[PDB]
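Each of two forms of one protein chain follows alone as structure tokens, named structure 1 and structure 2.
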Structure 1
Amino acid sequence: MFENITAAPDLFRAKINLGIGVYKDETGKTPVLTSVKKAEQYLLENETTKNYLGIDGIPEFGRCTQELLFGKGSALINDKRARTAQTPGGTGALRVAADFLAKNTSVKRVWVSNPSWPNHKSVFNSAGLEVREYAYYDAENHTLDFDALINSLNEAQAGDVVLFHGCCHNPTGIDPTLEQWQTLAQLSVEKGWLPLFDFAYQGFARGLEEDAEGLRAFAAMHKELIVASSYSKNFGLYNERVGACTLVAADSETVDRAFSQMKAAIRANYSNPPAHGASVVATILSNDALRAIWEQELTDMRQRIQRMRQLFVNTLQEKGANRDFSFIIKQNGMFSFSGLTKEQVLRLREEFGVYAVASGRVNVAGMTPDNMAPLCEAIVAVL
């Protein structure tokens, strides 16, 4: 049966890693957040069973998630228009959304930005959905090519899904402004798209509430949407697989009926979700003391990334780059395109032991005050 299967399509370990996918602090570590350790201690002391969660996971996790996404006192919440399933990570949330859509709706196509996270195409294609790309990146001004975006999306038909990164666009760090979000929300209504928000970085651009502005602009305009959120980066809970799939419909009857089929899609996949990480998130979010400690830890990460963006631009200037890199200061989250070509990136790896992805994306959190000068000297050397 397996003898003819084709293979599916480390060098760092065998120097600086900007190709990493996680947050690193100023010492180059990805420690467990203190709020998380405190919550894990509480769970160790107080859990009396590991009995299965319901298919949609811990109720308090769902409530806290909806408040994060929509705001406390949101009409969507008041009107019981949203249902949330706790999932194994943002990836699990995307796949539950894709399976739900493939099996229960006429959706055949999802629109994703060019560029995006490479796994988007894999997830949607796995559920039998085609993926189409829309223009996004103005590589000259290192900005959002808004006109190109809108012209691309004119090819999207009514009933197609359009995926939006909520904030901290991966890989570019370029997000729509609030006005641009509002223009897109209007356009999406007019064109009949189903918005799919992928929100893996809430809190890493400007703040928890600010980073949800775009989603909230869409939620104010649409009867229906889906949000796939992740707590991997903003709680440092990567390996515990903590995300959420939130379904929004016109009213409570409709969302409950549709959500029954979302739960059926989960039941046929992994049955019910992993408790430990989501219980940590619910414990923290629902406790004033822990939430305050967590919110400050997240602010500390957001700010450290900002300081590295500024230090990177300043240090490149000091090392004689003689090029405008100011765009980096304005970009949001851990990732930016450096503007280096695939061959400069290869050179960077081979001649200097500095590792980025081939697109020239760098993880600004791999940068530290200690590694910044050698890193920038290397970049200057390949310009």
Structure 2
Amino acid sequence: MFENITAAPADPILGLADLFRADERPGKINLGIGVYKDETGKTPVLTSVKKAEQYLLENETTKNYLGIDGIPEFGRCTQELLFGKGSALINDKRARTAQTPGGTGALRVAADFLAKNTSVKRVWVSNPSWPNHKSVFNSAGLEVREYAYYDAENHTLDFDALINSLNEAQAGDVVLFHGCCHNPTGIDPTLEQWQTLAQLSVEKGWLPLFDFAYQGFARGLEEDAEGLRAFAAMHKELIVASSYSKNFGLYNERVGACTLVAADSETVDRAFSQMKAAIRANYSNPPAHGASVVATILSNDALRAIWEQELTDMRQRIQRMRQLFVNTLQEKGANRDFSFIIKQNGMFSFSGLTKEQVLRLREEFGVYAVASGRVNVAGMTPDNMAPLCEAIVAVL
């Protein structure tokens, strides 16, 4: 049965850790997968989650199966983070949320639901986007069409070309938007651009699918949700695939959420019973540990207060490294004004390096970056910054 199965190619992001950990060189720098690092080059487990895990240890009684949709406390806390404390969607009982294994898991549950219970065929994703977006929707049977987004010349969002691209998108199609910290470009719409985009989705009848993996990493928790909230007010139906991997540093515990909203309570509950059936035919119900850590923190005033200070420390540290990368590329002799990456937000810098420059950087200098030129700024420290900028100027 397996004699003719040819090998899958390596994953552009996850396949980099395989290679990096097989590299023997005593100075190699990682920069590939989007994981935060502190000043010492360690990815620590946050204090707020270590204390929540203590609590869980001494206060859990059972490991008995959670419902298909997970912990309800989790689900209420998520909706309030996404839509606002005292939103109309929460009060009209218009939103239903299931707990999933991370944002990828939330994106697949969404694709399965839509493939089985809706008339969609096309999903529209930005050029460029996270690589694994194509892969998840195609697994469900859905085709993936592309919309323009970045202007590589001016290092801006080409908004007139995005508008124009999306005029080939029909009523009934899904348009995937990133809520904040666009992966890979780092360029987000302004509130004004998000409002234009919202009225145009209503007018043309597109179903918004928001990918929201970086809440808290651009300006702050509530600010980062302005785009989504501008849409939620205009729209009867939308789905958001949220993740807590990043902003809670809970990467390997797999905690995320798939929130479904419809016109009213009766409809969203009908729709959600099908999303529950799609979940049962995949994994059966969700992993409890990471998700009850999120819920313990969000519920406790003290533990929440320690967490959004740990999250603003992470965002501020990346902010300093983005400046330090631009300053040190200048004193190392790069002839290219790299000042545009300071305007990008999130964990990454989309440097504009070519696939060959990226490839020469791992093979000669041992610094690992994604083949699109995406580099992880949150992986940069003051100690690896000069060997790093020295490697990039030599390849330019």
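For clarity, a rigid core is taken as the largest C-alpha set superposing within 1.5 Å between two forms. One-based numbering along structure 1's sequence throughout.
Peer 1: Where the core is superposed, what shift in Å does the CA of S336 undergo between structure 1 and structure 2?
Peer 2: On core superposition, this C-alpha lies 2.0 Å from its counterpart.
Peer 1: Once you lay the two forms on top of each other by their rigid core, how far has the C-alpha of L375 moved between structure 1 and structure 2, in Å?
Peer 2: Displacement of the C-alpha, rigid core superposed: 1.4 Å.
Peer 1: If I align on the rigid core, how far apart are the two C-alpha positions of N239 between structure 1 and structure 2? Answer in Å.
Peer 2: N239 C-alpha displacement between structure 1 and structure 2, core-aligned: 0.5 Å.
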